[PDB]
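K.L.:
Taking my numbering, I'd label the letters of the sequence shown as residues 40 to 302. Idealized CB from N, CA, C, for every residue including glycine. Got a structure for you, questions after.
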Amino acid sequence: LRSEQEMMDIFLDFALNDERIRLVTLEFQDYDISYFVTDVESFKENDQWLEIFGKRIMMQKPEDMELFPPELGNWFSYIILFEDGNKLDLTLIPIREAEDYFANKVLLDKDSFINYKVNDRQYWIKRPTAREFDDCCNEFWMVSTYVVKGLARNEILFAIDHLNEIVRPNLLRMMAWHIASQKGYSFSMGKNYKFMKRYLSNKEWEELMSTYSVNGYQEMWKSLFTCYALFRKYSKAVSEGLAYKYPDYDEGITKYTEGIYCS
């Protein structure tokens, strides 16, 4: 079967662990993937490393055929028809040719040498600038007050939509920026943050999981405060690592929602 989720995980996960793969790009359910690598010939040694993607019905290597001359420059691709029914089209482009390529949807960049494209900038993650950093905190805490007012005014649905759509998503960006700090990579969270489980450790996923709680007004306050706790943690971690000023939004809003939560 293998859902579009499971398939993407495999390709993204593969690239992440392979040191020759520096950049990954995307584009019927067919998959169009491109790995920009350091040593193209390395992959060409043999076809064992391909077994990781699963059992296949058959495969075609367009630039390695006698009957059909190769004419895809320095590329080398594979067309695979998987047993589960999925079809993949994987191209191996030399990393040195990324610039040319770009010029005339990136998923992962391990070096970030080049600068480039974007309604997807919503999911794009890379080292924040002092300003971008401040922006994430500004939005987080500000929209956060909407959730407070929602719960205090009996508009739990109003509160829930802002929590799900803005507050938690910014906590995630903050966490992604932290991960990006470790490695120094740039990547996408994917449509609806679908790739985040593939970046967070199990501890970090459990923390994010803990921001979800069953229905109820009090359960909501809990979810919100949990996001608070985690946002401080990661924004402090990030601000500290890049030497950016820690905002005062935390403190200001903490006093605020505390004022309303109690009295």
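Can you tell which of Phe270, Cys175 and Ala54 has the C-alpha that lies nearest to the C-alpha of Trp88?
P.N.:
Closest by alpha carbon: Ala54.
K.L.:
Under a three-way DSSP split, which group does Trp260 fall into?
P.N.:
Here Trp260 sits in helix by DSSP.
K.L.:
Straight-line CA distance for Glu90 to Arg59?
P.N.:
Each residue's alpha carbon lies about 18 angstroms from the other.
K.L.:
Alpha carbon to alpha carbon, how far is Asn203 from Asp71?
P.N.:
Computed Cα separation, rounded: 31 angstroms.
K.L.:
What residue from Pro133, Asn231, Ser220 and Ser183 has the CA that sits closest to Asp159's CA?
P.N.:
For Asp159, the nearest C-alpha among the options comes from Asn231.
K.L.:
Expressed to the nearest angstrom, what Euclidean distance is found between the alpha-carbon atoms of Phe152 and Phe75?
P.N.:
One C-alpha to the other measures close to 13 angstroms.
K.L.:
Would you kindly report the start and end of the unbroken alpha helix (DSSP H) that includes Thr184?
P.N.:
Start and end: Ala169 to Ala191.
K.L.:
Could you tell me the alpha carbon to alpha carbon distance between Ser252 and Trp260, rounded to whole angstroms?
P.N.:
The alpha-carbon atoms of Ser252 and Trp260 are separated by roughly 10 angstroms.
K.L.:
From the DSSP output, which residues share a beta bridge with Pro133?
P.N.:
Beta-bridge pairing links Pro133 to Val76.
K.L.:
Quick one: what's got a C-beta closer than 7 angstroms to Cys266's C-beta in the same chain, skipping five residues either side?
P.N.:
Cβ neighbours of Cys266 beyond the five flanking positions: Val206, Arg207, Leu210 and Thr250.
K.L.:
Return the residue from the list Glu102, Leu281, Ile118 and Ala215 that minimises the CA-CA distance to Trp244.
P.N.:
Per the Cα distances, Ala215.
K.L.:
With distance defined between alpha-carbon atoms, name the residue in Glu80, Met98 and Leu269 nearest to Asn113.
P.N.:
Comparing Cα positions, the closest option is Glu80.
K.L.:
With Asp200 as the anchor, note down where its alpha helix (DSSP H) starts and where it stops.
P.N.:
Its alpha helix (DSSP H) spans residues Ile195 to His201.
K.L.:
Determine whether the beta carbon atoms of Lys149 and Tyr224 lie at a separation below 8 angstroms.
P.N.:
Their beta carbons are under 8 angstroms apart, which means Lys149 touches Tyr224 by this criterion.
K.L.:
Between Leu147, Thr293 and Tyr300, which has its C-alpha nearest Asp48's C-alpha?
P.N.:
Selected option, being the one with the closest Cα: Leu147.
K.L.:
Where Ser262 and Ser116 are concerned, what is the direct C-alpha to C-alpha distance, given to the nearest angstrom?
P.N.:
Spanning the two alpha carbons is a distance of roughly 47 angstroms.
K.L.:
Can you tell me whether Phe234 is buried or exposed, with buried defined as 16 or more other CB within 10 angstroms of its CB?
P.N.:
Buried, since its Cβ has 16 or more Cβ neighbours within 10 Å.
K.L.:
Are three or more beta carbon pairs between the region 180-190 and the region 92-110 nearer than 8 angstroms?
P.N.:
Judged by Cβ distances under 8 angstroms, the region 180-190 makes no contact with the region 92-110, as fewer than three pairs qualify.
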